[PDB]
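Undergrad: After the structure tokens below, expect a handful of questions from me.
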Amino acid sequence: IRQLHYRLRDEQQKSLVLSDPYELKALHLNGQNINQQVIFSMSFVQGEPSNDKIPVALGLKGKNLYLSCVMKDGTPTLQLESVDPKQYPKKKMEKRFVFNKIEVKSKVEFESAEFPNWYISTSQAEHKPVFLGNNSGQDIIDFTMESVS
């Protein structure tokens, strides 16, 4: 299926990067460093409520890794999950892979379809991993989407 490539930067202008083999971190990168950041691949998912948000799946470009949400250790958790390079991406992704892209201004927010009210969020500090938060204080849930290719 068609997959649009983008790069995300939280509202504080922090670019996202892949560090631990299966972990995303957000930090401040200048124009000389905005090339080492992750390019996501967004595709539409047919198991949709629509509502007013667009359901999408977010994988990393070129890799068989997708962001998914799971109930782990008594708390919803964002995780980078590997999948069969043959079956993915599929038109009707499993619910844990689904995010509802919501647009407010020029900012986008990604709510977990599985865990409503939980968003892909970043902390105020640098080098902290991107997580599934619920929007509280030092939690940045608004992102900018730069179209890559």
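Note that chain A is numbered according to Swiss-Prot, with residues 120-268 shown in order.
Heads up, header says this was done by X-ray crystallography, 2.8 Å.
Every residue gets a Cβ built from N, Cα and C, even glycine.
Positions annotated as site 'Important for interaction with integrin' by Swiss-Prot, on the basis of similarity to another entry: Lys172, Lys180, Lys182, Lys191, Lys205.
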Undergrad: Let me spell it out: for each of the recorded sites (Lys172, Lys191, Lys205), count the other Cβ atoms within 10 Å of that residue's Cβ, using every protein chain shown. Which one has the most?
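TA: Sorting the candidates by Cβ neighbours within 10 Å, the top entry is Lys172.
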Undergrad: From the recorded sites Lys172, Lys191, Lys205, pick the residue whose C-alpha lies nearest to the C-alpha of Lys180 (site 'Important for interaction with integrin').
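TA: Closest by Cα distance to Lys180 (site 'Important for interaction with integrin') among the recorded sites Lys172, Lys191, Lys205: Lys205.
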Undergrad: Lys182 (site 'Important for interaction with integrin'): which of the recorded sites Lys172, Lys191, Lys205 is the nearest Cα neighbour?
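TA: If we rank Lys172, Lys191, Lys205 by Cα distance to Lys182 (site 'Important for interaction with integrin'), first place goes to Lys205.
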Undergrad: Should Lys205 (site 'Important for interaction with integrin') be counted as helix, strand, or coil on the basis of DSSP?
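TA: Looking at the DSSP assignment, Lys205 (site 'Important for interaction with integrin') belongs to neither helix nor strand, so coil.
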Undergrad: Among all protein chains shown, how many Cβ atoms are found within 10 Å of the Cβ of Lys180 (site 'Important for interaction with integrin'), not counting that one?
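TA: Excluding its own Cβ, the number within 10 Å is 15.
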Undergrad: Roughly how many Å lie between the Cα atoms of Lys205 (site 'Important for interaction with integrin') and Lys172 (site 'Important for interaction with integrin'), rounded to a whole value?
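TA: Roughly 28 Å, rounded to the nearest whole number.
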Undergrad: At the Cα level, what's the spacing in Å between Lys172 (site 'Important for interaction with integrin') and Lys191 (site 'Important for interaction with integrin'), rounded?
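TA: Rounded to a whole number, the Cα-Cα distance is 26 Å.
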